[PDB]
């Protein structure tokens, strides 16, 4: 038997307290089928089929006067889809262009598919600048010009949950450009950006590009561009706050996600396959964290990054993640497997202390028992739940 010429990952279980590494046996519990498991018995895990585009879309968003365009804003087309009150999936094509303004996709009986028709995802750009620190008055002005959101239009309940706030600042959970609660949302071939970008300093400036709260959501060949809190998943219902008994599942494939601090955050089971994550250092050079899961401590599945690529600029500043300790019963969960970690990461301490609580990072290296098998409870609340398996690249060593 001749020797495979394949280069083995140099990551060997159990790893270290700073960088715990799963055994093969442990890693079998951390694949998409487990992350996507149903809760009913008699029920198969979610196995989504790929997004399929129709020969004709239901709605077309584009420049005014162009042939075949139905609507000039994306919110208007979403509203036209929602008012039908149908169980059937609706498809909204978006022509190449720049589309300034929020897009709120409400919970509905049927799924909405929104897709770009450009040669690349960058050809359709959806954006607005919104900062969690901004005043409600400034927020209302920027989000709702000319009666975009009014009682009796779709997505009112979403807008109203934010606009009613009388706090000094609107908060991260209202800073999203694109916010969906639609189960079954599908996004393909477009760019979603919170354009706050480098207009602000290195401090706390939550500015979500895409927020998704729906179950069975598929995002394919999308660019999600931001700085702090670029992509946020939550398990919220109509009250707009994190919940304790709902586990939405999202699949992100073939996508590009850029930011700096807590680039992918929140509560939900999310699988990232063949996604590139890029840390930028144009706004802050002092810190960067890719994943900030807020997974409930009784829930076993948070984030899974598989067959993905991680790139960072600076000199070993960037980290893979930190737990988002939003409440006492949170212990964020993430597995990064089979992925390339390239230059720019802190290889000695890839996981940071928790945000909000400042809970020190604690990796569980477990013990060995009879005939030399690593043993540890992967859901032990005394340790973090941030793990790697079979990664490669300079940043994997």
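Residue numbers count along the first chain shown, from 1.
Per the record, averaged over C-alpha atoms, which has the higher B-factor: 211-219 or 113-121? It is 113-121 that shows the higher mean C-alpha B-factor.
Identify the stretch, either 299-307 or 316-324, whose C-alpha atoms have the larger mean B-factor according to the entry. Taking the mean B-factor of the alpha carbons in each, 316-324 is higher.
Out of 23, 381, 18, 375, highest CA B-factor residue: Highest CA B-factor of the listed options: 375.
Out of 228, 188, 163, 234, whose C-alpha atom has the biggest B factor in the entry? Max CA B-factor in the entry, restricted to 228, 188, 163, 234: 163.
Ranked by Cα temperature factor within the chain, is residue 85 in the lowest third, the middle third or the highest third? Its C-alpha B-factor belongs to the highest third of this chain's values.
Within-chain third of residue 292 by Cα B-factor, per the entry: Tercile = lowest for this residue's CA B-factor.
Third of chain Cα B-factors occupied by residue 249: It falls in the bottom third of the chain.
Sorting the chain's modelled residues by C-alpha B-factor, tell me whether residue 101 ends up in the lowest, middle or highest third. Its C-alpha B-factor belongs to the lowest third of this chain's values.
Using the B-factor values recorded in the entry, state whether the Cα atom of residue 35 falls in the lowest, middle or highest third among the modelled residues of its chain. Lowest third of the chain for residue 35's C-alpha B-factor.
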